[PDB]
Amino acid sequence: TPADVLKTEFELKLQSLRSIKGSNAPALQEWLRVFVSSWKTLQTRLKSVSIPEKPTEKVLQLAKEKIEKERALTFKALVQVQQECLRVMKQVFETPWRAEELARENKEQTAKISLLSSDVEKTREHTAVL
Amino acid sequence: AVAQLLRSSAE
Amino acid sequence: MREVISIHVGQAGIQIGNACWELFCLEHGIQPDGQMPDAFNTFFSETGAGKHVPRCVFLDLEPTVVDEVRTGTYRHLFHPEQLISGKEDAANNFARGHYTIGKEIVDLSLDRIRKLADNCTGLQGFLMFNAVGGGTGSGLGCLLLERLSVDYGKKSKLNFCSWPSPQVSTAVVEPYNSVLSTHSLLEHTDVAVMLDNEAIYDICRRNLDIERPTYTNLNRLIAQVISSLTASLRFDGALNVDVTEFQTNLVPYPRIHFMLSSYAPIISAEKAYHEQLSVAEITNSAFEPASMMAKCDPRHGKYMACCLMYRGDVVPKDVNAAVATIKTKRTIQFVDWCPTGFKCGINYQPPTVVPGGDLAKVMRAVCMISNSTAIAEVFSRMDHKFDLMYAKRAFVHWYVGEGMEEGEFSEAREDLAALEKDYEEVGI
Amino acid sequence: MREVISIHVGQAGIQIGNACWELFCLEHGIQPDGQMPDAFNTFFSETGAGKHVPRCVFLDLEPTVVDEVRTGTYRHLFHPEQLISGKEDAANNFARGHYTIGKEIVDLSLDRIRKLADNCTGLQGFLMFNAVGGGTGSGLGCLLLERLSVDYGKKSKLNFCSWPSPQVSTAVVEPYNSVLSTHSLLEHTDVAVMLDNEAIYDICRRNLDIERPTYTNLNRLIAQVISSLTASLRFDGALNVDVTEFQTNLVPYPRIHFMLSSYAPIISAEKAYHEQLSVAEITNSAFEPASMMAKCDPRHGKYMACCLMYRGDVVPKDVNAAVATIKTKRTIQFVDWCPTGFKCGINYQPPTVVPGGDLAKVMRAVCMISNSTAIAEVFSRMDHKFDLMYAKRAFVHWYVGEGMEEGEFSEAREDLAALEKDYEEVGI
Amino acid sequence: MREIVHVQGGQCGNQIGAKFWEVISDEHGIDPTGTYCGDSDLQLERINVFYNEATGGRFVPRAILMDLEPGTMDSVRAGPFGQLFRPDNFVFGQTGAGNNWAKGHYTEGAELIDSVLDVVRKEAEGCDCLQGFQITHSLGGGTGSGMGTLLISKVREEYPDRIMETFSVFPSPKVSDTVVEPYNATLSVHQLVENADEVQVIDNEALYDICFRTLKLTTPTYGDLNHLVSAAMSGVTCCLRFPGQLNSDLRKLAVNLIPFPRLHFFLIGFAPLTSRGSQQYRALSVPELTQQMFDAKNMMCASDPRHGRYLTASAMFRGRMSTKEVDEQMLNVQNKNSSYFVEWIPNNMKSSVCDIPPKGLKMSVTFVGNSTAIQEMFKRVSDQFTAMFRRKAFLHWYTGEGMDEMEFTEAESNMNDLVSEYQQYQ
Amino acid sequence: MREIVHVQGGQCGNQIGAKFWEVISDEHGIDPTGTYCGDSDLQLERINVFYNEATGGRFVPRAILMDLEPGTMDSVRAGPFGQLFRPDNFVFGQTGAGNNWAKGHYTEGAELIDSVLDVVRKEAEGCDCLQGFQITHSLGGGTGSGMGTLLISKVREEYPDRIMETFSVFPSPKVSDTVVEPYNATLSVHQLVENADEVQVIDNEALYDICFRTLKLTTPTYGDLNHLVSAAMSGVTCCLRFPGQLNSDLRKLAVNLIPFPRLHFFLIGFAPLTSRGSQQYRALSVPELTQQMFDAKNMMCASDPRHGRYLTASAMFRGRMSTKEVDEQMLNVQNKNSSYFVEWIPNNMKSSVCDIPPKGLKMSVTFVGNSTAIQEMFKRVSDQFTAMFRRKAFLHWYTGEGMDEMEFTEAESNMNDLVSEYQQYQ
Ligand SMILES: Nc1nc2c(ncn2[C@@H]2O[C@H](COP(=O)(O)OP(=O)(O)OP(=O)(O)O)[C@@H](O)[C@H]2O)c(=O)[nH]1
Ligand SMILES: Nc1nc2c(ncn2[C@@H]2O[C@H](COP(=O)(O)OP(=O)(O)OP(=O)(O)O)[C@@H](O)[C@H]2O)c(=O)[nH]1
Ligand SMILES: Nc1nc2c(ncn2[C@@H]2O[C@H](COP(=O)(O)OP(=O)(O)O)[C@@H](O)[C@H]2O)c(=O)[nH]1
Ligand SMILES: Nc1nc2c(ncn2[C@@H]2O[C@H](COP(=O)(O)OP(=O)(O)O)[C@@H](O)[C@H]2O)c(=O)[nH]1
Ligand SMILES: [Mg+2]
Ligand SMILES: [Mg+2]
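Residues numbered from 1 in each chain as written, not as in the entry; some residues may be left out. Chains lettered and ligands numbered in written order. Part of a larger assembly, values for the part shown. Heavy atoms only, no water. Residues with missing side-chain atoms left out of burial classes, pairs and counts.

What the entry reports as its method is cryo-EM, with 3.52 Å given for the resolution.

Structural data, given as structure tokens:
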């Protein structure tokens, strides 16, 4: 088994991440099977071989059609695993990134409450003067 | 019109 | 004294009910006129000289399909004001069907709902049909959801939503309509059945061998699913199933209430010439992963609950034996906290065939109701296509400039992520 | 109770399996459409009121032979998805019949095989019929039987291969397409019966004296053999024998599993009525080399086991009289390590010979299935022609173009070479 | 019911529009005298979408025939089906716009816009609740482009939440009648992008190419050129007249195509187009219909759509056809030339099935899509404008009639801003 | 089902292919007005391989008719069964190649190649699955040897997994029409041996030679001369259309007559061949059909197999006829012609039997074969270059369209190399 030992240590990172309640994360078991699926469509490439024969243009075009099938397949196998690192690491970083922009609503709410309570003070002062 | 006969063709 | 109330919102729901109440009329012996020449009481009322009228409403915002039914052959079956007709089509817009074109006919709709639901006590629940990919289905039908949630608190509601396709389009705005409507059906519906067009497409391509069917060929198969769902409510049987049995005995959690339907056998007259439809092989085809009504593979899912209604000359021995051999089938995994995961109900009336269709006169049928984590990833692909065409602010001006605020998208993403929390912590 | 499932892969498989089913339909009395105007259980189901359907599959990627049984005379004996067709031929190519064009149709076959297997328990074995020199019969015969040993591993399997000959093959890539699949039909299969085209040609030349019967009458003779093999399961007999007794009794070793077929008395309609076809002379004509069905001369070989399946009005006492005189004569020879080497199985039912076929009335008939070391000479010239072809890289470009790398010729070369060296260490 | 309103502008829009009412009268079976023939149910149900009852059983079109010169209104009423329109619906000019946008928009169409806005409003408040205005007008000519854009400016101010479909025919690169082509063209472009819910373009040079190589006509008269455009005219709005398995609106097309309000320029195509000797031998099947519709030789605009990307495309299907081959073959044209469709919007196609086949065709299709292959056409009007503006040519006829050169300078500024955000997404 | 695309090039290609749709139409009972008569199941069951439903009930052949002169197009339409064809598949050429390869391929060949691809692609993709190509052209004229072979090279890139079957007629040694024959011959050969999967040679003087003393025809016209090679073309494709006991395909012939991909040149022949005054006077027996096959007096090539060795060869039988005699007679030809067959293949004879004969005869048989007897035709054009290319003659016409003598040396060299493995396997 060339890379079959890489699954088992991966969900051990999951169970530690679940027990850490501070860094709450959404469902990323889609994350497991795609880091599987991208890696399985990278292991066979030091075994994928083609052999030609006495060269006619029929042979060369179809036999090389295998090699742009899998040089394109390295391009697919890189691109879903990169975009899903882009979007789920986004949506787990978005909970602490939400925390800074709701540090501003704490400032806004305290400013409005303190200024309105000050407005209660000036209305109490002005009515007694009249 | 010839476009009428061609677009609406039955026989 | 005993009834259920159906809603059909959107052009999808109206055509679904066009074959649904065609099948119910011929199975009860009554004619499209309205009268036959007590077991029919849960769908049809009684009025004077043997007449029966449906307990149905047809809601639309465009006047095309509703007027066409009024001018169809079922003129005198439906009550003429149970078909509530709008003028402006909602036009694939969640904001239009909610905040601009919704309130002028949803008050008139609930005026009809109250009048027919207050007819008889012992009301069971609402069986509503919509498309969340459209405008009037996803906009007006969602508007029904919160107002039924505030005047009928304890009445059950069972969604039957045609969830949009994972592979084809027939619109380009179904990412916006569908996941905005799943916000306000988590907290409003109770058992939410997932249908898909291309699941129905595939099963009629091989199990019926229909090469090129239309939408009216789909609506008969949905009609047979609804009929086998409420068959134990209508006719006598050994193990009758109430609608309140589905909610209590299937969903384990209030938030986990999504669904994966299936039906078997859907057989043709030519193909039944060479096949005996024994109880063993019709439930193996019912648990067959390709023959599901939503296009999700349960092999990379995990079941938690199953409800089977057998409809016909079924014998209880190969009921328990065939669910035993599908329990020992290692390909069908079950969750570790539900050691028994089957609920078997038995009806005595065999399914009736609609003439001129492709289904054949069968002696028995299976209706498959499954709860599994396969529904977690039918929302994961639609979340996947959501962020791809939302990152550069596409189609926004038809929603924020129409009458709702920007930011309904952001927390529709948040409660869909919160949806997937519950659908993944339950599978461990 | 007991059933047997037959596979029919390739052009030889479809036609041989064709004649197998008109013989069976006349034997059990079912007329073609499926009606009879419980001994037929092992080859037919019960699809309702008097309906019976055969238990087989018909696989060929050439649609030219499958549409012609679809639209021929037996359009409705068979199930509609029991007749499976591809789109294009494999065209004498093991490489793409196993890798590229055969892959999309194997799963479309095994979902009907699994359907036939879940009908009733007690499934006795897996007969199959293929051409070893045909691209579909070899590629799809191998690819089906690879994962069939994965899934249904313990169940026994029978083989009937139209093996080539030193003079007649109707092909030029025959050495390639034949022993490339012997790498699989040693490691996977259980009991394999070798057939030959001109062995059936000359058995009609010098016994029937018909100069022009075509391929359809060869299929009649093979149908005679298959029926006479399985009819001890089909009917009752004085000494019964079934498939799993064949599986145990004949083969001594797991790698010496290649039989040798014969039938007696294969006799014309004007010859048989004019003579006693008696037990003594029929057995004496069964072993003599002109009745053989592989064109292998057993003078330089020894019989391993010999199983004779009589039928008709054979009293079971002169079976032993006819065997005592055939063992004691020096023309046939056994290997020294089998003192006893025989089994006889009696069946009461005489043949119901197809009217208009070339066979005549036999009150008694034996089908001969014998292991021998005479499988050495049928394969040794096959290895010489493979060496004469592969030595200058002939025809390799048609194989490596689809995904079968060079080297699977060579690893099949010493698998075949391990086969012949297996033979002489057994004999000596 | 939902009612849609037609407005004819220019001599192009008067003749094209008058033949639009030929094919709607053909679908609905209306005689030239105004009566109805055929006696079919759903052919006459939603007739109100284009026609109004005249308490005599005749159906008057809700159209506004309108021009600066009475030469073309006389030709419409003299021709076939000319005794059908309302005489009040003809708004007459007398001087005639001399291919000048300035007098069309400011000084001569200004005393005619008040007369015609009263007529447009007259057919507006007389019903329950309208849908919008779809118009047909010219760009190269003065009486179409100069004064038609005034009417779009006026009706947006009074009815703001409605739909402005514009079937706008554009000047041709190769064949050049009306020597001041880009002046009347560009002066209505920036005054329509801020003014129209959707614009969809027609080109006479591409209409010539279709009728040559796919129709096989040796002598194409202007009536023939006005017919295959009129097939697409009837197609886009046919779903509001006949029922179907998947109905749609022009509200539906507008919301389900454009991603941003600054781009609403569609391409128009129609299929099947089959020659006189070819109607017998070509199988009208949906896979044959759908690649003809996705072909540059079928394109009514001479912008080569394979030189750019398709952003969002919507296609009806009109007839009794199965819905497998409705939807899965636009999946197939999404897949096979995936490089010809944009990436950041998944599943870029839309469908809507009408149940009634058109007259003589068992099934038909119209392509309506905001393909971003429009840059090369906005440049081919740009670079002839800038070539004739740096020499200050022919500007005394424009600056002398009530407008300044700053109106020109903001015209290339909206031109460049419009095409810069087109080239952004390609 | 399987689809065969049947493309023409050059005047000789158009006349031969037009006779192909004579011999196929009457084997399928097809009236020239398109309707079918003949009430037999076996004709209509496999008909999509060569025809197409036209939603008229009538069948159009899937044939692309391509040439550079409209005169031979006029001869096709005016003759019998010429209305069955598809005129958008008629790709007209106007200027005409004057037997010049360079202007038929490079300069003027590049213009109509885009239109003929659009024709050949839109029934190839329109079918559910394709089997192979079937081309008829000539090496003599520059219109077919120039633009037809360009069509060989350009369908090559986008259809890689489909077989490539090519019927080509070759020059003459003794009588020489179109005197630039040797240049136009090998200028198609140097690409045909790597772009075409199987090449089948026809020769007009061998075909005359068959018409003389095995058909007893004193006055041989071009009509029946093309008809003999037309029935040979019907045979190699018939077993797809018709059932049999031992089935076969076009690609079935390819995968096993080609031990090495450079040698794929096959010798065509058709039996039985007898005079009108002996057709129902002679015993049609199975042994004497193969006597007519395996000789130099029926084969349709300018070759003597007596100077060569049949490396691999194949036979295809038609009609109700038993089959073990086929195997023993085709052993019996191998063991008496033992010095005429190679040794490094066992049992070199393919056998195929289909159960339906053509009309007129109760049984027929078609012979193909990869022999080394192609070699003497290739060195008899090679030594024509030894005499003519040495003189630098008739090359200013070629170099006027962008030709290089380095392309000519490649043309001579790879055909010289092609001879070298022909002699290597003898
Ligand atoms: N199963 C089924 N699906 C349908 C039917 N009608 C429409 N749909 C699907 O519903 C999806 C969108 O909803 P629609 O019904 O088309 O539109 P709508 O719900 O009426 O909303 P509007 O477009 O505003 O009128 C489409 O993608 C269709 O595939 C139907 O009759 N049966
Ligand atoms: N005895 C007998 N042999 C047959 C029959 N049909 C085919 N064969 C054998 O099959 C061999 C050729 O292979 P086929 O069976 O025709 O081909 P296939 O199995 O369909 O696979 P392909 O070669 O790809 O077409 C011949 O040499 C025959 O020996 C038959 O009807 N009877
Ligand atoms: N399709 C079409 N094009 C027209 C018609 N009349 C004029 N044109 C084109 O429009 C251009 C002139 O536009 P014109 O009618 O003078 O503009 P106007 O000022 O609005 O009348 C010419 O290049 C013509 O090719 C017509 O009836 N149909
Ligand atoms: N058998 C046969 N040969 C032909 C026919 N027409 C032309 N040829 C041969 O083709 C050669 C002429 O080349 P061709 O391709 O027809 O010229 P082009 O098509 O006009 O450029 C001559 O040597 C003719 O012998 C025909 O109808 N039958
Ligand atoms: Mg085959
Ligand atoms: Mg709608």
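So that's the structure; there's more coming.
S.K.: Break down the coordination of the magnesium ion (ligand 5) for me, citing the residues and quoting the values.
M.R.: Residue and element names in this part refer to chain D. At 2.1 to 2.7 Å from the magnesium ion (ligand 5) lie its protein donor atoms, namely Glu62 (OE) and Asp89 (OD). Here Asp89 lies in the loop between β3 (83-85) and α3 (94-98) and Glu62 lies in the loop between β2 (56-60) and α2 (63-70), a separation of 27 residues in the sequence. Like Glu62, the residue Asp89 is buried in the burial classification. (Donors = N, O, S within 2.8 Å, 3.2 Å for Na, K, Ca; no water. Helix = DSSP H or I, 4+ residues; strand = E, 2+ residues; numbered from the N terminus. Buried < 20%, exposed > 50% of the residue type's maximum accessible area, 1.4 Å probe, protein only.)

S.K.: Go over the packing of aromatic side chains, please, and point to the residues and values.
M.R.: Scanning the model with the defined rule gives 91 aromatic pairs over all chains in all. With a centroid separation of 6.0 Å and 35° between ring planes, the pair formed by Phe334 of chain D and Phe342 of chain D is classed as tilted. Here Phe334 of chain D falls in the buried class, since its relative accessible area comes to 18%. Between the aromatic rings of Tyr183 of chain E and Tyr398 of chain E, the centroid separation amounts to 5.1 Å while the plane-to-plane angle is 40°, which identifies the pairing as tilted. Highlighted residues: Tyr183 of chain E in helix α6 (residues 181-193) and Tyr398 of chain E in helix α13 (residues 396-399), separated in sequence by 215 residues. Pairwise contacts between aromatic rings join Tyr176, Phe386, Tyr390, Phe395, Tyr399 and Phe409 of chain C into one cluster. Sitting over the face of the ring of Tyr390 of chain C, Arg393 of chain C holds its NZ or CZ atom 4.4 Å from the ring centroid. (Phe/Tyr/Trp six-rings, centres within 6.5 Å; stacked < 30°, edge-to-face > 60°. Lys NZ or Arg CZ within 6 Å of the ring centre and 35° of its normal.)

S.K.: Go over the site of ligand 1 with me, naming the residues and quoting the values.
M.R.: Of all residues adjacent to ligand 1, which total 21 residues, the nearest are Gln11, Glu62, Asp89, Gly135 and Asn197 of chain C. What surrounds ligand 1 is not a single chain but chains C and E. Here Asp89 of chain C contributes a side-chain N or O atom positioned 3.0 Å from an oxygen atom of ligand 1. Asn92 of chain C places a polar side-chain atom, nitrogen or oxygen, 3.1 Å from an oxygen atom of ligand 1. Within the complex, the protein chains bury 93% of what would otherwise be the 630 Å² of accessible surface of ligand 1. The site holding ligand 1 turns out to be the largest cavity. Listed by contribution, the elements that provide at least two residues to the shell around ligand 1 are α1 (10-27), α5 (136-151) and α9 (215-229) of chain C. Looking at the shell around ligand 1 element by element, the count peaks at four residues for α1 of chain C. The residue inventory of the shell around ligand 1, partitioned by class, reads six nonpolar, twelve polar and three charged. (Near = heavy atom within 4 Å. Polar contact = N/O pair within 3.5 Å; in protein donor to acceptor, adjacent residues only side chain to side chain. Areas by Shrake-Rupley, 256 points an atom, 1.4 Å probe, with all protein chains shown as cover. 1 Å grid on protein atoms, 1.4 Å probe; cavity = no way out; pocket = protein on both sides within 12 Å on 5 of 7 lines; lining within 4 Å. Sits in = over half its atoms within 2 Å of the grid points. Nonpolar A, V, L, I, M, F, W, Y, C, P; charged D, E, K, R; others polar.)

S.K.: Account for unusual backbone geometry, naming residues and giving values.
M.R.: With an omega of 0°, the peptide bond between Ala264 of chain C and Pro265 of chain C qualifies as cis. With respect to the helices and strands, the residue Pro265 of chain C is situated in the loop between β7 (260-264) and α12 (279-284). Here the bond from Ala271 of chain F into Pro272 of chain F is cis, since omega is 0°, no more than 30 degrees from zero. Inspection of the secondary structure puts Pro272 of chain F in the loop between β10 (269-271) and α12 (286-293). Positive phi, close to 55°, is recorded for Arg393 of chain D, a residue that is not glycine. Structurally, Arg393 of chain D is set in the loop between α13 (375-390) and α14 (408-427). Under the relative-accessibility criterion, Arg393 of chain D is labelled partly exposed at 46%. Even without being a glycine, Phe395 of chain D presents a positive backbone phi close to 60°. Relative to the helices and strands, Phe395 of chain D is located in the loop between α13 and α14. The buried category is assigned to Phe395 of chain D, whose relative accessible area is 1%.

S.K.: Just give me the short version of the environment of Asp209 of chain E, but keep the residues and values in it.
M.R.: Residues and elements named next belong to chain E. Looking at the element boundaries, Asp209 is found in helix α7 (residues 204-213). Judged by its relative accessible area of 37%, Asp209 falls in the partly exposed class. Expressed as a C-alpha distance, the spacing of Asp209 and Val326, which sit 117 residues apart in the sequence, is 28 Å.

S.K.: Break down the UniProt feature "binding site: Mg(2+)" in chain C for me, citing the residues and quoting the values.
M.R.: Within this numbering scheme, the UniProt entry marks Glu62 of chain C as carrying the feature "binding site: Mg(2+)". A relative accessible area of 3% places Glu62 of chain C in the buried class. The contact partners of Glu62 of chain C, leaving out residues within four places of it in the chain, are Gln11, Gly86, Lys87, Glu88, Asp89 and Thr136 of chain C together with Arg2 of chain E. (UniProt positions renumbered as here; feature names shortened; annotations may be inferred. Contact = heavy atoms within 4.5 Å.)

S.K.: Account for the UniProt feature "binding site: GDP 2" (unreviewed entry) in chain E, with residues named and values stated.
M.R.: Residue and element names in this part refer to chain E. When the UniProt feature table is mapped onto this chain, "binding site: GDP 2" (unreviewed entry) is found at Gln11, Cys12, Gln15, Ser138, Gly142, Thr143, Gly144, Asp177, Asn204, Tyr222 and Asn226. Counting through the fold element by element, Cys12 comes out in helix α1 (residues 10-27). Relative accessible area serves as the criterion here: at 31%, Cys12 is assigned to the partly exposed category. The residues contacting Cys12, other than those within four sequence positions of it, are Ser138 and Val169. Position of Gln15 relative to the elements: it lies in helix α1.

S.K.: For the interface of chain F and chain D, give the residues involved together with the corresponding values.
M.R.: On the chain D side, the residues contacting the 40 residues of chain F number 36 residues. Carbon and sulfur atoms make up 56% of the surface buried where chain F meets chain D, a total of about 3600 Å² over both sides. Linking chain F with chain D are four salt bridges. Here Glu88 of chain D makes a salt bridge to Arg251 of chain F, at a shortest N to O gap of 3.9 Å. Our count for the contact surface shared by chain F and chain D stands at 17 residue pairs in polar contact. Where the side of chain F that touches chain D is concerned, the elements lending two or more residues are α10 (238-241), α11 (250-257), α13 (324-336) and β12 (349-353) of chain F. (Buried area = accessible area lost by both parts, 1.4 Å probe. Salt bridge = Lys/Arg side-chain N within 4 Å of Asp/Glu carboxyl O.)

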